[PDB]
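Following: one structure in structure tokens, then a few remarks.
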Amino acid sequence: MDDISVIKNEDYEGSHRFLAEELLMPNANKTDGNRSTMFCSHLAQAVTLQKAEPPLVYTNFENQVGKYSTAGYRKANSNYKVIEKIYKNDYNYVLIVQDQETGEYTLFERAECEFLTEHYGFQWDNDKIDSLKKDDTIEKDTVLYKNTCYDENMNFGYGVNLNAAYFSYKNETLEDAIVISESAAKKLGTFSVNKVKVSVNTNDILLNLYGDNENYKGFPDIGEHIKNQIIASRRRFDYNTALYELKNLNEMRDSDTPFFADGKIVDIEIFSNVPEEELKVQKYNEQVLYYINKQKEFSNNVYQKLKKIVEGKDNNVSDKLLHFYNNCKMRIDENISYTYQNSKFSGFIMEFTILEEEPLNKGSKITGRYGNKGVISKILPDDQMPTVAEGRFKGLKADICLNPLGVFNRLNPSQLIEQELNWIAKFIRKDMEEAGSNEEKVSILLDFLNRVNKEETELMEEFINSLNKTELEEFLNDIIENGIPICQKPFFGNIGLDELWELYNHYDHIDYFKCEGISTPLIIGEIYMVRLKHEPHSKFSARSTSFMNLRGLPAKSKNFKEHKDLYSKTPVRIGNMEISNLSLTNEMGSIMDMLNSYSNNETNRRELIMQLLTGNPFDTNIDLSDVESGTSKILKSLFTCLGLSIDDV
Amino acid sequence: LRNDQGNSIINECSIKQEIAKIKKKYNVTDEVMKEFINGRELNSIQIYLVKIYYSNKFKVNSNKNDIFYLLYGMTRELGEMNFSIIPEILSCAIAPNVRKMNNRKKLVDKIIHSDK
Amino acid sequence: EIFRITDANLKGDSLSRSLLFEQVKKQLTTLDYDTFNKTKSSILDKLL
Amino acid sequence: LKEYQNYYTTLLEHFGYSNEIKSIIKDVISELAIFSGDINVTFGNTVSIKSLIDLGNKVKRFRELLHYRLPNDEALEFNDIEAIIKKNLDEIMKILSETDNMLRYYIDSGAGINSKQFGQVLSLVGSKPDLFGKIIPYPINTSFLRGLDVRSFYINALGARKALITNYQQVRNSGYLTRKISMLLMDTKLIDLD
Amino acid sequence: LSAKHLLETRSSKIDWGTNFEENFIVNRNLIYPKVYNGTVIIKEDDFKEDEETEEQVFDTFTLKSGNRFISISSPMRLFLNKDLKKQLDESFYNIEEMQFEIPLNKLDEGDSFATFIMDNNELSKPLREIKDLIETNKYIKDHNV
Amino acid sequence: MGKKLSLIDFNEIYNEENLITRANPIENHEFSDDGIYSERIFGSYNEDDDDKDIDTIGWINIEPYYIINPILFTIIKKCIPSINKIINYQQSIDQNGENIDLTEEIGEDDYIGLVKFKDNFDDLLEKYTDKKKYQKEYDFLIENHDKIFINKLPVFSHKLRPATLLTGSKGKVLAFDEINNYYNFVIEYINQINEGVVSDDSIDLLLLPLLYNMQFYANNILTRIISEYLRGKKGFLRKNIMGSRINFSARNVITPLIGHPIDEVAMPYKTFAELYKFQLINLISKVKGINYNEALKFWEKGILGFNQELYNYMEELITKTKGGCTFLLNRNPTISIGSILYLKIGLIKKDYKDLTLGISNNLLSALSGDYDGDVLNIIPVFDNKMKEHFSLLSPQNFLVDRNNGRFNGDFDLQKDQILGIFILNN
Amino acid sequence: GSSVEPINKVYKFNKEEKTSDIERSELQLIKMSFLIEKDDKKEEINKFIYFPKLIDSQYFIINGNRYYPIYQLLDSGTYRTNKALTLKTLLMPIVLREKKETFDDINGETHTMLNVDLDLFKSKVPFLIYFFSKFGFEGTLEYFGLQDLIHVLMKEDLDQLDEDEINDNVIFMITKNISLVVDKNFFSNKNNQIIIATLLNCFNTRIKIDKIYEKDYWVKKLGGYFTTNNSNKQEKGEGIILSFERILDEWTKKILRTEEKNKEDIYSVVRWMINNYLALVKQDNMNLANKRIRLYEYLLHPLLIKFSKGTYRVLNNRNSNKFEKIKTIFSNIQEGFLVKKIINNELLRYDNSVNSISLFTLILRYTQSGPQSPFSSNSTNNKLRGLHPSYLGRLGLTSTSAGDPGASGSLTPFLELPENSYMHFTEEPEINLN
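Keeping their order, the protein sequence lines are chains A, B, C, D, E, F and G. Quick note: the first sequence uses the deposited numbering, first residue 1, plus one each step. Quick note: the second sequence uses the deposited numbering, first residue 291, plus one each step. Quick note: the third sequence uses the deposited numbering, first residue 584, plus one each step. Quick note: the fourth sequence uses the deposited numbering, first residue 99, plus one each step. Quick note: the fifth sequence uses the deposited numbering, first residue 390, plus one each step. Quick note: the sixth sequence uses the deposited numbering, first residue 1, plus one each step. Quick note: the seventh sequence uses the deposited numbering, first residue 51, plus one each step.
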């Protein structure tokens, strides 16, 4: 293949026009392709972090990426002027606003959650919109509300900065394993929001889980938090026999259908299909009668609030406002029946949205930018982790220890460069902090920035000379506290090898840190960490005895999808080679007995269950019986349908 | 889809344990059952009452022998207490048909005005 | 005579191994492999 | 350390493969590894980029190896290119192992630093194949640490994509072969006749 | 899986011949002659259709080194230069003598003449033949145990 | 001792009590009583009171005509050719009605009709049988001559071919498996053949073409059942006979664990509280002095949130039992020796949020896996007598290499543990 | 014509037992009009269809769920596959297939040439017979522009043939008496020789001098190629001609980059394609200069499929009133046709993302699979999953789906698609052909 000859490096000079999704990862011309191509998937699967921070070593390309991603923030397209705002609940409320240049009307709704997918979401950090009130003015560039990733000044951020070192800890870092201090685990966090659809029929009722008989609170309140991971449990009721069934509603019974969820309930909504006159008398269906009424009140409000706007001669309204107005005016009318899944349900059905914060736990995965994927193995108190107790800055403690065995074998030397850069930044920052007035302090900085990225020096000088004395002092104090940011581009413009050699040669007062109880020089730097989607609770499964298929064999049941159970009660099948590998041993009768008594013969299964339940728990001496299995009957029926039979002897 | 099996097995084993304990406590023999059953069949009211009293511990199954053992336990337990009418009613058989009666508001008033 | 590992099993003498391997239609409809005259015992016959 | 496997196999046959000696040997493995873990913590094993840089000043022969570009004033076949890389890579392992350094214990044990893979980090890469096995006639002239160029970048991308295609295809058809042999060769049995 | 992950592959030596070495110093996928005065004589039947690119490949030819001539037995396939083939259609096309004439003096100094492609020796090739022995019936049929 | 396959005769096992005669499976907005989905014969769908075994089979009566056995059809089509154009009627006609014989192009015996094919089958065979190419087939048909023509066609129960009568606002919707379409066609055809009652010479062009068409649908039924239920990988033969799903099982992840013998693992609190569920209730019942129904609701509350009363009974179970609780651990897929082991339980994690299985590092190399995030399968073993047969699969028995007889290299120092010894040893 | 209808309206209080859905969805109404005309009946049919609307400029909301549209990448057309030259079209993929043949001249010299057949309607037919049926022998000769170089002579003219012109004008056999006069200079070019080979392949031994100028003489031959019965040999053939004039539609006319003179109709397209067969077959396939991206045409597929299925039935009707069938064509139009067909067939991709970084993940994502997609996992076409030097500078060489490599990438954010080219990466094809 000689088609490569068309490619010429003369034109591709000083321009990153040939990189997609690699603009974020720096020093992209050092790592190989096999490890680099994993970074795209790693970025594709990255959950949101509560305490998001901007990266210390930035590629100067993430700001535009954040700006052009409109799925997390909502700004004002044109200058508005607040007309009205109305409430709907404790938190959620809407507002109607009007333009000043076209005369149209639009709506903005404040929320407290978002359902990105079936399990993961985020929480809106709505602050500016709340401060807006009482007919104010909204400008062009203002942002109403934003996600947790974006900071105050639109700077992007999708990870954290953690002190790291390359070390081996009791062979707990074999293969790809990571230990992490408790403080870093506290710093790292995640969100989780899920929606659950409970259903109620005419026959069914709701147990008095919360509260006494005076307040028949079937379900939690608007802002309360659920307990025991049970949101609501409904019990079937039969007309024939209820005297001995409804004696005590404060305790669970044998035949119940509870619903499991965890978190804090934020939003509810109830849809009903029964006449209100019949619902007014039922005492047990009390709390619903509250909320529904409140809901209707809200709707009535809008019908009396902006009815002069849309129904007037102007009628200059956007599509969203008109659709919302029609939808809200639908409810207050009479003789309306809803439908679900193209069917008319009888009893009412509500909605619940539940929000919860999940901390970092053992078994999760965290990766860096260069695709050095790892798995959390064992967390420790911060005391146990190595510390430096000899140098001037005694106290610094590493937060994560990575595997040192597979760094060169993995063919990706970028991590070493990043750690060395952050270590040199730490040393130069401490040297600047030790002494020096503001007159020359910046000079000590500029020299270091002169040998790393020549493009940054001009902007450094311009920004430094632009400010006044007090702001310059504040900025110097801030850079002393946090650390000097270092910028370098992914492909064209960065440090290689000769620059690192010269930088090391110029600074002659630098030595490795001497830890305590180690007797080996060590270096600790700061690296960028991003959490990943993969979790242990999303695939864990166990099964004792679930629903059986129509034929008789066990089969998958759809109950976990509707939040009716904790574990995904799905059995694991024995593969084609599993039986053979079991038959590696000369014993075959034991294999046959196990299979028949586990998932083939009904009588054998029942006999085993009984003999296991009653008898001696410490020592078991079961004795299986001999009864023709189901699979034999199925095969015989199918073959005799074909016209052939299996004959012994 | 069909129901599960674990709860059914547990309930059946609970019934077996309960009938075994009933046998053990009163050292009952099969001759007592022969002289007590009189060969009568099962009527609805006795089944309903047996389901009512033994509801908390377990539920009543369809096997007639276990039902009659539980009925003997019924009679013994509610005869050793202060109750007198119920053991006599459950002792022998019942009428083939249930009599019809009016509101009986007077006796209904008596029971309603009672603190029970 | 030596045979390919695929044709060695089909043209063998066992019955349990033939049905559980492949070519269900060919073994049951026609008689190219002569399925009707294979009576050799096997350790895997217990499944059938 | 390879002599250890000869010691264990001289213990099993000495005691006649008894069931008791299997349990004792199973105990030795557990105790040997547990005490091995304590040495790693107290001594510590680290990988640092400064380790390579510091070695450069003291050993002059290493500086020439780090900055080495293929001469382009002489005609070279694809057989001569492989000779140069092997010639330079062999000399690297002699200098590093013989002299003291951070990585001395990483190479002598030979557990973690593959000889071929480690050469790519320091010395030049060489040549890479394509999607159809044909050798791409544009050898890479710069090592991984020294940096890469756009034309070299495209060649590297071809190698990575081939790994994904091969790995995915092998996963789809993996157990097909082992099913055929396993089904047939199963009925054999051992008799005890002399 | 593991061995195939090793992308780097080895190369095999090629014996071009005595007259090949004395006249052409091959550099990678290129060929350059010592002296451009010497021409090349190629018959019509020498050209063959390529398996993949359908281009003309002249495996064997005899150079027209003036009065002298030595036959060339190239072990590998040869692809004619794209530049010289443009004038071959009319000028260098010699059907009168049933033998093409390619005057290298027309070709400029330091220019490409013939490009050859080479297939590396796959390390997984021996493993595949083991699988083919069992199924393909290529060798197993006509031999004893 | 040895399984053998052979032909069968339908007329011997035929049961007159149950048979199917109906066209429309649905009547009065419900499943019929004499249709394909009948409840009298095959039983009920969601009712366990009927107690009808799957082996129950139905019969369809065809008389007095006969059909070629579908299983033997492919053999006969090879013994003699042109069977597709020899059992079909293609009589032509002139203007008035006199037949026109176009047999010049066709062979000596073609287009004779099925009802005449059976009568003269013995003579028809000898004309077009090759004795030097189909010798084996010719002898086979001579031995089994009675089963060439069948009389009744069976049909198995609907438990394997379900059909739902779910209703909607737009109208009742019926969904079923594809095989039911052909089963409803043969019944319709035969029902449309026996209408004639009075003695009458039936016109050949009205009855003969239907017989050939029916045999076409009978043949396709056998192809459909064998190409959808058995042959396919998802078919019953390779999914529910040689492999199977199984209860009493769980799946987990891998997490390294140190400071324990090589054959001791620690499982999460949740999975061990449910795999060994039944034995737990037996232990609670005796100590607490309550029946099984009351003890079940106690176990329900002891699994939602971590507690202490349940844990005390949990710890004693793994200490006093014989041999210790054990399970079989494998890996998907298994291609290497030792990919499935027989380990032991020696520790229970106190944490409730922990959901990882803790194993040693040396045992990892045997599975040829790593901590990348693979999911294993765990299957406990219960019977005491069965344990001694499975002890051969323990990692103790894999210590010696089966290949040569030396010490196995897999169960040796690997990865960093090699480096740690070298530092001290030198 | 068709148009979008207004949907804004203020609801007025009513008592009619209205039905409302629990879940939210956004739709838009499109109204199409047709005029069915007959001898007396002149019905007007107005149909209404629901189509999802683009909200937030990124996604559709249907049944409370969110769906993200994705671009699709496909070749422009007139490309080359294994021993064939194919041109993509809306529903009918016209394809040219080549086969080698051997011919002998009067003196006995043997030549190996190529003959091209149009694999249309599940048959192998010479491409010259269509022109011979439509324009005739002389008509086709004039239309191609080679009528000055092709002549037919009889036996008596062959006896009086110009001896000194034998070498200049190669004379080839046609029948036992009829001979062909053609120039050697015209025979020099292989592309020109293609026409000669096809013309000699079309004719058979049996012929009549006056049958050559008659169109029906080979119209019935085409019919016999299509219908075996002798009675309908004429009529059926005529029908094929009609269909052959409707294979090409307007969109394929607009998309193609050829000049106007080679874009008048199907015959001109075939002529232009066959004139430059060698250069077209010499080009490669993996180059990006001749590929484009579609967004809506792969979404409007089910309506086209339904219309084609409806029109074929009425095209194959015999001895019946046409008006009833024409009415039945348009009788069934469900207001939820497009939505149901799109969702059920999984044309749209479900939105399953967890991060807020959407620019590189879903805004710029292209897949090679879908309707009319040569890519197929079971086909094992490793060539399509590779890379080409043209990818660099206009596509991402790194981002690939781990589940199936090569079936999903990501566009380069710096890409500048040329304006007014219908989503074409370039403005000129890979081969200049100039």
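C-beta atoms are modelled at their ideal positions from N, C-alpha and C, and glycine is treated no differently.
Check, Outcome
"Tell me, please, whether the stretch 195-213 of chain A touches the stretch 357-368 of chain A by the rule of three or more beta-carbon pairs shorter than 8 Å.", "no"
"Taking only beta-carbon atoms, is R600 (chain C) less than 8 Å away from chain E?", "no"
"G374 (chain A) lies in the beta strand (DSSP E); which residues open and close that run?", "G374 to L380"
"Any beta carbon of chain J sitting closer than 8 Å to that of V198 (chain A)?", "In the displayed structure, chain J is absent; the protein chains listed are A, B, C, D, E, F and G."
"Using a Cβ-Cβ cut-off of 8 Å, state whether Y236 (chain D) counts as contacting chain A.", "yes"
"Step through the CB atoms of chain E and report whether any lies within less than 8 Å of the CB of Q267 (chain D).", "no"
"Rank A:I178, A:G263, A:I7 and A:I265 by C-alpha distance to the C-alpha of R249 (chain D) and give the top, closest one.", "A:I7"
"Please name the residue or residues paired with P26 (chain A) in a DSSP beta bridge.", "The partner list for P26 (chain A) (beta bridge, DSSP) is empty, contrary to what the question assumes."
"Does DSSP put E440 (chain E) in a helix, in a strand, or in coil?", "coil"
"Can you list, in chain order, the residues of its chain whose CB lies under 6 Å from that of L631 (chain C), leaving out five sequence neighbours each side?", "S599"
"Pair every Cβ in the stretch 306-325 of chain F with every Cβ in the stretch 269-283 of chain F, then say whether three or more of these pairs are closer than 8 Å.", "yes"
"DSSP three-state call for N34 (chain A): helix, strand or coil?", "helix"
"Here's the rule I'm using: 16 or more other beta-carbon atoms within 10 Å means buried, otherwise exposed. How should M473 (chain G) be labelled?", "exposed"
"Below 7 Å between beta carbons is the criterion; list the residues of the stretch 586-599 of chain A that meet it against any residue of chain C, in chain order.", "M588 and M592"
"Counting only Cβ pairs nearer than 8 Å, list the residues of chain B close to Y244 (chain A).", "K341, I342 and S345"
"How is the alpha helix (DSSP H) around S69 (chain A) delimited, first residue to last?", "No alpha helix (DSSP H) contains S69 (chain A), which DSSP labels as neither H nor E."
"Would you check if the distance between the CB atom of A52 (chain A) and the CB atom of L532 (chain A) is smaller than 8 Å?", "no"
"Identify every residue that forms a DSSP beta bridge with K406 (chain B).", "According to DSSP, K406 (chain B) bridges with nothing at all."
"Within the 8 Å Cβ cut-off, does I529 (chain E) reach chain C?", "yes"
"Could you tell me the alpha carbon to alpha carbon distance between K341 (chain G) and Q445 (chain E), rounded to whole angstroms?", "30 Å"
"Within 10 angstroms of the Cβ of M323 (chain G), are there 16 or more other Cβ atoms? Answer buried if so, exposed if not.", "buried"
"What does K633 (chain A) touch in chain F if you count any residue whose Cβ is under 8 Å from its own?", "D53, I54 and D55"
"Report back the beta-carbon spacing between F101 (chain G) and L77 (chain G) to the nearest angstrom; my notes put them in contact at under 8 Å.", "7 Å"
"Tell me whether the beta-carbon of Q488 (chain A) lies closer than 8 Å to the beta-carbon of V452 (chain A).", "yes"
"For chain D, find out if any of its Cβ atoms is closer than 8 Å to the Cβ of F619 (chain C); answer yes or no.", "no"
"Comparing the CB of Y183 (chain F) with every heavy atom of the ligand ZN, is any distance shorter than 7 Å?", "Ligands in the displayed structure: none, and consequently the ligand ZN is not present."
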